[PDB]
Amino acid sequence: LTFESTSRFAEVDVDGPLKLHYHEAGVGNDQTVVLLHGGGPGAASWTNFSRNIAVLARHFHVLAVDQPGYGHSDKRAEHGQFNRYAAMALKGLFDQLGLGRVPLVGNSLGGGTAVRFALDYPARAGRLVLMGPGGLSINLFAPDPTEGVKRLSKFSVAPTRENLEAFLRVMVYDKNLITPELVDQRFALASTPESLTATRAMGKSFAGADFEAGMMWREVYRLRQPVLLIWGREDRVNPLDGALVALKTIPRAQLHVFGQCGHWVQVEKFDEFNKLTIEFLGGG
């Protein structure tokens, strides 16, 4: 399984044609699952889930979608509240691919997209696995913006290799995961004018007319499906105190916290993450 063998494109309508890149694997399997990556500079489906896709493709039909603004999906300069926009894109892709009800797996911004989609198209969303998700999280103790969010912002406004590497280092517990290669590739993707325009448009979509769409901690008491919250104890971007309202108000919630783990849960606890996900989503 490679970036190229799994690579696919689809065009959907969100206020016009919109091209979504995604990765597909496990086409023989009967349960489809959708993976949604996080929102940091240079984030994409393959770079964020590359290894998880191989493992999960043994049990499920995996669709790992590059969210609008990211990877090889379109990077419009104008859109509404990012999660609402990304959820409409995904709904376009569900209709095109003929999907019914599908479980969703989302990290950070992708978690928020998964929840916005689950609230807006309740019949189409199955079980949710959310790794340090944005939107449903509300930092009851941490001053906002957090250190990790400030380092994300600083890169958007001063896109240097040094700012990118500062962000990558607060994303993980074990800083030896941040190789000079991984910084080289993320910087190259992240610092293109189109990726920098997309990040600014994403970051400033939260303060707009439909800003309440991002405040999903107000809404998640409406979810009826089982939801697995997964947190790295040492997450500096979306810290653990952000889990509490979702854990309290989602009727069929569970929470798994990993010690010695940051924001990149699916990489830093690769084996334990994949086993939780396969078991919670049934087993394919």
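For the two forms, the rigid core is made up of the largest set of C-alpha atoms that agree within 1.5 Å on superposition. All residue numbers refer to positions in the sequence shown, first residue = 1.
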{"query": "Higher-deviation segment by CA RMS in 5 other deposited structures of this protein, core fitted, 115-123 or 204-212", "finding": "204-212"}
{"query": "More shifted region, core-based fit in 5 other deposited structures of this protein, 237-245 vs 47-55 by CA", "finding": "47-55"}
{"query": "Higher-B stretch (mean Cα B-factor, as the entry records it), 70-78 or 143-151", "finding": "70-78"}
{"query": "Given 61-69 and 246-254, the range whose Cα B-factors average higher in the PDB entry", "finding": "61-69"}
{"query": "Maximum C-alpha temperature factor, selected from 180, 112, 132, 122", "finding": "180"}
{"query": "Highest recorded Cα temperature factor - choice among 240, 54, 237, 215", "finding": "54"}
{"query": "Residue 43, C-alpha B-factor rank within chain (lowest, middle or highest third)", "finding": "middle"}
{"query": "Third of chain Cα B-factors occupied by residue 84", "finding": "middle"}
{"query": "Third of chain Cα B-factors occupied by residue 156", "finding": "highest"}
{"query": "Ranked against its chain, the third holding the CA B-factor of residue 128", "finding": "lowest"}
{"query": "Residue 36, C-alpha B-factor rank within chain (lowest, middle or highest third)", "finding": "middle"}
